[PDB]
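Two versions of one and the same chain are coming, encoded as structure tokens; call them structure 1 and structure 2.
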Structure 1
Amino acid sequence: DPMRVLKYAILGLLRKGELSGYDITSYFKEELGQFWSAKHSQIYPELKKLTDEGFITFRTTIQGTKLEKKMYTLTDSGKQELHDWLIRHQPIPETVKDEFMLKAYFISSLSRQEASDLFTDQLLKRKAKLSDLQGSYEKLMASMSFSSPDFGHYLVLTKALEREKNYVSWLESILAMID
């Protein structure tokens, strides 16, 4: 049984009303993009698939004067299909891929200097990313409970922030042992 995560990502994204393929692409680049993403080149054929499967519907609006655009709504099938996925308990994956950690495992092939340089570089990026994430949190807070319509936003953002805090503190631990 093929997983088809993207199908559920699209269906989930449409849960509060119509969106274009472009809007979908745009959401994968905002806060959700820390945990799932797809290129437009994957999304458009899939939108066609989901329509043929009868989970979604589209109408054709016009931006400006002659630019066509396709708004998508969930169907009865779509909402249910979505829901049957949402509450389904899934096994946690063994692997969550990280190319840096793969490098970490092969550390013996590096001299103290080379490893220090590698790990230092990673930290500076990870801290830069941490800044961007910390800033976003604040921009969200001025704008928190389960009732909140931004609770989904809050979840992905706090997770992403924690994830980078953890990565920074970990790297600093190894650098203390390296240097």
Structure 2
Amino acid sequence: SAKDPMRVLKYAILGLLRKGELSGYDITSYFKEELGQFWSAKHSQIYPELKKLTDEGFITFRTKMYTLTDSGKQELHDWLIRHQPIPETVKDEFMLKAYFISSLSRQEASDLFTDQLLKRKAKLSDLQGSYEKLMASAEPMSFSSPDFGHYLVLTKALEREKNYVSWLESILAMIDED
């Protein structure tokens, strides 16, 4: 039997509650801000999933402020420590174009890759802004910082985008070979 796509939000919700109670507004806000950037939700799915997790006994609410139950804390813990295989490569449509580059002239290839580069540099600039905002905190960064998780997400994103930009630069130099 088919499963509900909204179940993808489960660990994102349980994890959001790991440090204490949040309102539904607080949860939705985390999705619309930091989490939505790497773990997006369809706004329509968040409350339905919250309800499922409540009904399953993973979360409780009072007056609503939601919190993890002992069961929910265990559910989050077991997922965190589980070793999964690494997932299959995510489809990158630009890379499919790159695979078929023989269908483009040198100039068309240069134009395609230049467009991709400018866009990714602009995205990098945005990530750099988010990273500077986080690092504007007083507490220096370390494993023990309450913001370490957020630091992990942002540094991962920054390194990914920097690496993409560097690869594009290298390919543009090949397209523009001496």
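Just so we're on the same page, rigid core means the largest C-alpha set that superposes within 1.5 Å between forms. Numbers follow structure 1, counted from its first residue as 1.
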(message) Rigid core aligned, does the Cα position of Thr51 differ by 2 Å or more between structure 1 and structure 2?
(response) no
(message) Does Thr158 shift between structure 1 and structure 2 by 2 angstroms or more at the C-alpha, the core having been superposed?
(response) no
(request) Spell out whether the Cα of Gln90 moves at least 2 Å between structure 1 and structure 2 when the two forms are superposed on their rigid core. (result) no
(request) Would you mind giving the Cα movement of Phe100 between structure 1 and structure 2 in Å, after fitting on the rigid core? (result) 2.0
(request) Can you read me the CA shift for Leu123 between structure 1 and structure 2, rigid core superposed, in Å? (result) 0.9
(request) Any chance you could measure the C-alpha shift of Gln113 between structure 1 and structure 2 with the core superposed, in Å? (result) 3.2
